[PDB]
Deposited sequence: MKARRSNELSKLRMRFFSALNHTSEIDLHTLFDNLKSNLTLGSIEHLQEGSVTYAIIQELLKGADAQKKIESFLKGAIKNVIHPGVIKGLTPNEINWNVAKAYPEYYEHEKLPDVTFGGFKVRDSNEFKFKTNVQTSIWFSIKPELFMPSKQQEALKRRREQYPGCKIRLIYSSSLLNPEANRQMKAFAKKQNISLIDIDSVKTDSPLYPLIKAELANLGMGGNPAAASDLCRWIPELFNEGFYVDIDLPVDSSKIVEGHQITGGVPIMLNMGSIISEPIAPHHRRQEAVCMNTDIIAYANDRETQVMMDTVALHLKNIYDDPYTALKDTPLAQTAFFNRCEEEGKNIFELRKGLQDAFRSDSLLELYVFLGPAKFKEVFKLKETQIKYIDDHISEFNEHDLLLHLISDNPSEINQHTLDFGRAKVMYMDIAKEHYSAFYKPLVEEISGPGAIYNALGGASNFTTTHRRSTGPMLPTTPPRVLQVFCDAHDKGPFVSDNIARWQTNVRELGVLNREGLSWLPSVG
């Protein structure tokens, strides 16, 4: 009646850059029976449609050619694209494929991701309104700390009526924490799944129960959480999101549906390296994280989840191969555990006990001479003499050898000991994290889906609108759940981040 037609016309003239090489009033008029606001976005500078229009304006008969092109582009590519949940990149590629006379472009390369060839058909569909999170409590009295409760209250009470599913373990909570779990879930209309009574043939189910039963004995609940994410009976649609992740309102799509070229998508970015030999060129390496994971409503989802599940099973069965390039692998303790066939729980627990002993002699047995050398910055001859004589040393004798040999580094024996133990503790995190990250975590998944060399290529930029014509672009356009979904993550690098300026905590 009509302030809506007026917003539409202003968006249109704005998108096409207020040009008068043609008559935007007539073009507008001739397109408006089939023009919606959602379509205009794919007409702006940066889009393939815009770039075609710029070349068509330099041509004779601009007005009519532009009109024909746009009627067609909107009707057959863009508008069915918007209705289906396609991104600007997916729509751009679809225009390029439809108008090869107007947009020169290469073929879709052959890229494998989890045993599956990435497609540009847009056939995998994913719900954004179905969200599953995992909270395994390490405190029997406490079902979930307040911060995670509020995060759940916020995603709901901001953004219904998405469905919210919460996996937990009853067996980790005392009866009172349990009753409080059920009431929290009921009050917040959360679908609750107890991991203790779930039915599945997955190999990952015993590993999950064991990580949880082994709490206090090297078991880790983030590692159990990680594994749950590859069990088809638990995840077969919607999203996995870290319980703590925020929703960006403006990113919610109105059909609550997005698409992909693989049936399981993840949070992805990439790192541009320093120049490498022999041509002094930068490499782009794709990185991926499991803080956000999307699962298509489709049989191909179960097949990709089973390839990944067989890789994780493998790692739990022999973790030494997975941890081979990590810092813990340089220690005497890891060597020994490897001979002895210790499992990941004893590896983790052994590591913990060593840094809880408050004993430099025990730290030495753990680290061994090479790693003890590097950690306390010793000269070769100094560690050689320590190692030769270690079976004669008490705790003070070792301490006296450190003091003579360095500081620098850190006149009272009690304080000097603390200074030296605290230097050793600086390395704890670097020793521990991979025992989750490279076992069930983002490092294991990365390898399960293809690893370092499936996902690294020579960095090539441009030109103009991004199309999926090299392997990292294929993955950027078609396989990344973070960009396409409504959750925010600063947990890994964004796409095409220089290794120098990383921006991560």
In sequence order, which parts of the deposited sequence are missing C-alpha coordinates?
1-4, 415-418, 514-525
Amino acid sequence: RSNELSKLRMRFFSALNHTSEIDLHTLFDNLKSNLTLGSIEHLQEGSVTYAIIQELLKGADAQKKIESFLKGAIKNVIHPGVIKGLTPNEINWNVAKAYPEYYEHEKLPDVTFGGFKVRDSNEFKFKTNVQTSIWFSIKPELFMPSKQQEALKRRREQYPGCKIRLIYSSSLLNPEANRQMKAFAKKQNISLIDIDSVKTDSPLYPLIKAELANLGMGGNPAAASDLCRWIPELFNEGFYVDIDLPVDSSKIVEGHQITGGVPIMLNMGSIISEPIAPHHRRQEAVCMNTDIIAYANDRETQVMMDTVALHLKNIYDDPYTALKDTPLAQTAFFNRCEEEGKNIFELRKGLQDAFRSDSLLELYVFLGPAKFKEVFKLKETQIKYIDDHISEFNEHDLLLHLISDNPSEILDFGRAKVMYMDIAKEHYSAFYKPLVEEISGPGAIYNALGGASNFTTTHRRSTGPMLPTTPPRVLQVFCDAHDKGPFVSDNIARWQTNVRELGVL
From here on, numbers count along this sequence of modelled residues.
On mean C-alpha B-factor from the PDB entry, just flag whether 342-350 or 148-156 is the higher one.
148-156
Average Cα temperature factor in the PDB entry - higher stretch of 245-253, 214-222:
245-253
Take the CA temperature factors straight from the PDB entry and tell me which of 417, 71, 313, 119 peaks.
417
Maximum C-alpha temperature factor, selected from 200, 391, 273, 270
391
If you rank every modelled residue in this chain by C-alpha B factor, which third holds residue 455: lowest, middle or highest?
highest
Would you mind checking where the Cα B-factor of residue 436 ranks among the modelled residues of its chain, as the lowest, middle or highest third?
middle
Chain-relative C-alpha B factor for residue 387 (record values, thirds): the middle
Comparing residue 481 with the other modelled residues of its chain, is its CA B-factor in the lowest, middle or highest third?
lowest
Going by what the PDB entry lists, where does residue 81 fall on CA B-factor within its chain: lowest, middle or highest third?
middle
